[PDB]
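Here the structure comes first, spelled out in structure tokens, and everything after it is commentary.
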Amino acid sequence: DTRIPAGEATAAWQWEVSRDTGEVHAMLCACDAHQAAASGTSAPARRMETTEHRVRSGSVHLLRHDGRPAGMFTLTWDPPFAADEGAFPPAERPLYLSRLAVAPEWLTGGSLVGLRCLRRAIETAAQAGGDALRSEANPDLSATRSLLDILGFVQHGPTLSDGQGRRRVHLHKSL
């Protein structure tokens, strides 16, 4: 006797494979600006070419609320960063999480949109046959870093500085 909750409030949240490049890039840059202001850092330089490539490949999963984009992530089989791979535990079929973004209006309160996006990414990576979910994070973004730590993303290698004041870490979650 299974009871899945229906109702319009539940249906207000909809997941999709994104096909709108400008929407994805605007969401990403807005989240970048919010987190950079909140953490005293500078927002990273985002490439619209990368956005186009990820959207064209069907790698961008976007969560909408009443039609407006609330969160998203990018899930790929190929690494979007050049980590030593010794900075990760061994894995035979790793998937890679990148460009996690939550709309600034959902970065406060208790709607748990970031948790929704990370849960969606973990699930999707597991269903695609994934051995692990690897990601590159900014440890200076305290809230996202703590959410990744609570969800089981382990840092294996050392913290890296890019030479221009930006810190990054490589996280790995077993699936």
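Because only heavy atoms are used, hydrogens play no part in the values below, and waters and symmetry mates are left out as well, while side chains stay in. Residue numbers start at 1 and run along the sequence shown.
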Side chains of [X] and [Y]: closer than 4.5 Å at any heavy-atom pair?
X: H61; Y: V17; value: yes
X: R145; Y: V169; value: yes
X: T144; Y: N138; value: no
X: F153; Y: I122; value: yes
X: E23; Y: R64; value: yes
X: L133; Y: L75; value: yes
X: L141; Y: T41; value: yes
X: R54; Y: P80; value: yes

Show, in sequence, the C-alpha distance, side-chain angles and deciding distance for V113 and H65, and conclude whether the side chain to side chain contact (heavy atoms under 4.5 Å, CB included) test is met. CA-CA 10 Å; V113 182; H65 177 73; over 6 Å; no

Looking only at non-hydrogen atoms, find the nearest pair between [X] and [Y] and report the distance.
X: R93; Y: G129; result: NE-O, 3.0 Å
X: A103; Y: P69; result: CB-O, 3.7 Å
X: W106; Y: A70; result: NE1-CB, 3.4 Å
X: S42; Y: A36; result: C-CB, 3.9 Å
X: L175; Y: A125; result: CD1-CB, 3.6 Å
X: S18; Y: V24; result: OG-CG2, 3.1 Å

Flag the pair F88 / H156 as yes when their ring centroid distance falls below 6.0 Å, and as no otherwise.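 Distance test on ring centres: not under 6.0 Å, no.
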
Once you round to the nearest 0.5 Å, how far does [atom1] of [X] lie from [atom2] of [Y]?
X: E52; Y: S57; atom1: CD; atom2: OG; value: 11.5 Å
X: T51; Y: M27; atom1: OG1; atom2: CE; value: 12.5 Å
X: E8; Y: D66; atom1: CD; atom2: CG; value: 10.0 Å
X: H25; Y: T50; atom1: NE2; atom2: OG1; value: 8.5 Å
X: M48; Y: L28; atom1: CE; atom2: CG; value: 10.5 Å
X: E136; Y: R168; atom1: CD; atom2: CZ; value: 5.5 Å

May I ask you to check whether over 12 heavy atoms, not counting those of [X], lie within 6.0 Å of atom [atom1]?
X: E92; atom1: CD; value: no
X: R166; atom1: CZ; value: yes
X: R119; atom1: CZ; value: no

[X], [Y]: one ILVMFWY side-chain cluster at the under-4.5 Å cut-off?
X: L171; Y: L100; value: yes
X: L95; Y: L148; value: yes
X: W77; Y: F81; value: no
X: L115; Y: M72; value: no
X: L151; Y: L112; value: yes

Between the side chain of [X] and the main-chain N/O of [Y], is any donor-acceptor distance below 3.5 Å?
X: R134; Y: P89; value: yes
X: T124; Y: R120; value: yes
X: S135; Y: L97; value: yes

Trace of the side chain to side chain contact (heavy atoms under 4.5 Å, CB included) decision for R99 with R46: CA-CA 10 Å; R99 295 185 148 209; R46 301 295 190 177; 4.3 Å; yes

Do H170 and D84 pass the side chain to side chain contact (heavy atoms under 4.5 Å, CB included) test, and can you show the C-alpha distance, the side-chain angles, and the key distance before you say yes or no? CA-CA 10 Å; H170 297 111; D84 205 304; over 6 Å; no

Apply side chain to side chain contact (heavy atoms under 4.5 Å, CB included) to residues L63 and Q14 and explain how you reach the verdict. CA-CA 6 Å; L63 168 66; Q14 295 291 339; 5.8 Å; no

